[PDB]
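Chains as they are written, first to last, in my numbering: chain B, 217 to 469; chain L, 121 to 246; chain S, 44 to 279; chain R, -10 to 224. From the three backbone atoms N, C-alpha and C, an ideal C-beta is built for every residue, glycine too.
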């Protein structure tokens, strides 16, 4: 612990504090955009859950997991990973589709074989019906969505400004819509709508979680800055005293 | 005369110093921060000065007036240096009365200040 | 001790608490003897006084002397001339640290500054050497990450880093042990753990057999059997 | 050197290594003579000893004595009294940096800490001065952004920032050069680049005429012609 070592470390941590505070404010600004997109998708989802409240539809299996590709979220990815893992362990026959590189990674390492398809890069901006519709088309054509008796999707629900809940939502198959070709296309449409709503909610939750994570990081950086400021003062005084002792010893002979 | 115009330059540069960290996150800027950055960048660019090139007070006053009052916002940053030397050369040929009055009296009277504004806008239009 | 070594021909134990006071005492008189002060005021003769006292404490062909020396460290500064000079004279060193003590991990021995020339695969055996080396690797990996864990927290680590940090925390707490002589003020009964049991326990911990046990169960227990028993109590 | 200057009228080159040894020997002799040691043990007379040595080395009206002086920097600390005292006497400083060398960018001059009295538009012309100033601005902006890139990478940066960082990296690697003396440390044939070609090349890189070139084409090459040739060779 030389004076230069402490100085370098202190300045580095001060830089980190600035970076984390800036990210916290930027996420706070982005959060309102995410929230209004969330509301817009929420009402469109309510419009169909109103119908299902009357139709009362009810259910191998297919599971879609939705997250972004990038970290610093504070367990946004791992909680949903745990939810999907503990769901899958009861029925490992189910195939799964991973949206988001993080959830892809955290499922691949523990349940490698049943990952049918991975969708990447779509968690950056607020989700669009374009992305949801194209993903639904790929899921139907390539992943053969229509062949499964059960389909459900997993996401992070923005419960509160400080917390989120891993939640599952069922996409009832055309066979389940037909009784409890209009039912087929209604399946496709509700598939796209539910996936869009899940992406929007997960995006809002992720932005809020990243905001809170950077807030915690800024608190911790400030505490470290206090500690190393104290250490710097101690080392400064020690250096002055030791060099002065050397000078005095040289003088006193 | 310089105190009158430079009073707010300090405030704007302080705000810019506080907001500077956001430039690397331009993808989502609060409009306040965006405008603050746009103004502070041009003020900082305006304060650059070549060696052995001291400016008279009546040559500093128009430049800082234009910078503070935001007339530079419509000018590309890379050519702020072209603006200043041009603007002065305009004044000393089209509004030399204002420069002479600022030099002689040392104050920006309200009518003189309005004339300075009019001259600044008359130049920035071209 | 030398009379017991050389004349009685016996094996000997020679405890010295605290040998640093031998050096410090000399400094106290050095200024009065008229010598020019050395670094941080120590006597010029520090190295040779230490040598004359110290490598006189040695095993010889006449007899065996085991010597245990407590060395005080002023202001916790291990770079101070006296501890630094004493380090060169020892076959085995254990470095108690305040940083470990503040965690409540007694005996507070620093597992990455304790050192011994007998920790050699030809002496301890390959299994013991492997276990000790992997324990130190895990603890060093955990120590390196403490900046990230402090600022960003556990969440941003990779899953392998999370597993390694979990095992490192459990190993830290498992290295703690209650001494009988401390029972007076700790209130925890003393435990003694055999060498084979220690190696087996840490081998089992590194193999992940007890990844499910909460780390709290590892604190202040004499061996893995007591870890299991304390985990059972924590479950009830 | 002084005899060649004053009594023959020659222009003279006085290569010196190592000036730090002059300072250190002055410190040793001072300590032995019993003078009270100064900060970090240097002799009290450090500044005047250095002055007496240095400002004998000067261009009088009889002739010019150019001097190149290698200065060891203990513990890489440019704030040490010896380098700190030496700096004041020099017209051009070429500060070698361990950090630049660990990037592999030899000859590893620090592009920002190195400074010259003659880097003035009245001396080298406005084009050369402009190119040098823009290179400094680009490298300093890249250095400032590195603090953030170390955490968030280049993905978060604005497109202007991405472009300037990439051009900064190209420029930073383009400053490297294969010396002939280094043919024991490298197999690369050494090359010598003219000043005019250097200005033209760095102007071309700054303007983005070679944005389409991969970074590695700028490493240990000569002028921009070698950049083009190596880029084609890689492709």
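- At least 9 Å separates the beta-carbon of residue 240 of chain B from that of residue 452 of chain B.
- Counting only runs of 3 or more residues that sit fully inside the segment 106 to 161 of chain S, the beta strand (DSSP E) segments are 108 to 113, in chain order.
- Residue contact with chain R for residue 145 of chain L: present (Cβ-Cβ distance below 9 Å to some residue of chain R).
- Annotation for residue 275 of chain S: the continuous alpha helix (DSSP H) segment containing it runs 267 to 277.
- In this structure the segment 91 to 109 of chain R does not touch the segment 19 to 37 of chain R; the number of beta carbon pairs closer than 8 Å is below three.
- Residue 167 of chain L and residue 66 of chain R have their alpha carbons spaced roughly 33 Å apart.
- Residue 54 of chain R and residue 48 of chain R do touch by the CB rule: their CB atoms are close to 6 Å apart, below 8 Å.
- Of the candidates B:221, B:305, B:272 and B:290, B:272 places its Cα closest to the Cα of residue 386 of chain B.
- DSSP places residue 253 of chain S outside both helix and strand once states are collapsed to three, so it counts as coil.
- Using a Cβ-Cβ distance cut-off of 8 Å, the segment 233 to 251 of chain B and the segment 141 to 149 of chain L are in contact, since at least three pairs of beta carbons, one from each stretch, lie closer than that value.
- Short of 6 Å from the beta carbon of residue 106 of chain R, and not among the five residues preceding or following it, lie these beta carbons of its own chain, in chain order: 80.
- Here residue 374 of chain B is buried. Its C-beta has 16 or more other C-beta atoms within 10 Å.
- For residue 147 of chain R, at least one C-beta of chain L is nearer than 9 Å to its own C-beta.
- The beta carbon of residue 88 of chain R sits no closer than 9 Å to any beta carbon of chain B.
- Residue 262 of chain S carries a coil assignment under DSSP once its states are collapsed to helix, strand and coil.
- For residue 6 of chain R, the secondary structure class from DSSP, reduced to helix, strand or coil, is strand.
- Using a CB distance cut-off of 9 Å, residue 338 of chain B does not count as an interface residue toward chain S.
- Taking 9 Å as the cut-off, the beta carbon of residue 267 of chain S is found closer than this to the beta carbon of residue 243 of chain S.
- Taking CB atoms only, residue 149 of chain L has a neighbour in chain B less than 9 Å away.
- Inclusion of residue 312 of chain B and residue 304 of chain B in the CB contact set at 9 Å is warranted, their separation being smaller than that value.
- Counted as a single uninterrupted DSSP element, the stretch harbouring residue 49 of chain S is not any beta strand (DSSP E), since DSSP gives it neither H nor E.
- One finds nothing in chain R with a Cβ atom closer than 8 Å to the Cβ of residue 292 of chain B; even the nearest lies about 17 Å away.
- Taking the beta carbon of residue 238 of chain B as reference, the chain L residues within 7 Å of it are 141, 142 and 145, listed in sequence order.
- Around the beta-carbon of residue 215 of chain L, 16 or more other beta-carbon atoms lie within 10 Å, marking it buried.
- Ranked by Cα distance from residue 192 of chain R, the first of R:77, R:157 and R:178 is R:157.
- Annotation for residue 462 of chain B: no residue places its beta carbon closer than 6 Å to its own, counting only its chain and skipping 5 residues before and after.
- When R:1, R:69 and R:216 are compared, the shortest CA-CA separation from residue 201 of chain R is found for R:216.
- Of all alpha-carbon atoms in L:223, L:241, L:157 and L:137, the one lying nearest the alpha-carbon of residue 207 of chain L is that of L:241.
- When secondary structure is reduced to three states using DSSP, residue 229 of chain L falls in the coil class, being assigned neither helix nor strand.
- Apart from the 5 residues on each side of it in sequence, residue 282 of chain B sits with its Cβ closer than 7 Å to the Cβ of 315, 316, 369, 370, 371, 414, 415 and 418 in its chain, given in chain order.
- Per DSSP, the beta bridge partners of residue 372 of chain B are B:382.
- Straight across, the Cα-Cα distance linking residue 114 of chain R with residue 41 of chain R is about 34 Å.
- For residue 26 of chain R, at least one C-beta of chain B is nearer than 9 Å to its own C-beta.
- Inter-residue distance for residue 468 of chain B and residue 129 of chain S is about 29 Å (C-alpha atoms, whole angstroms).
- C-alpha of residue 57 of chain S to C-alpha of residue 157 of chain S: approximately 21 Å in a straight line.
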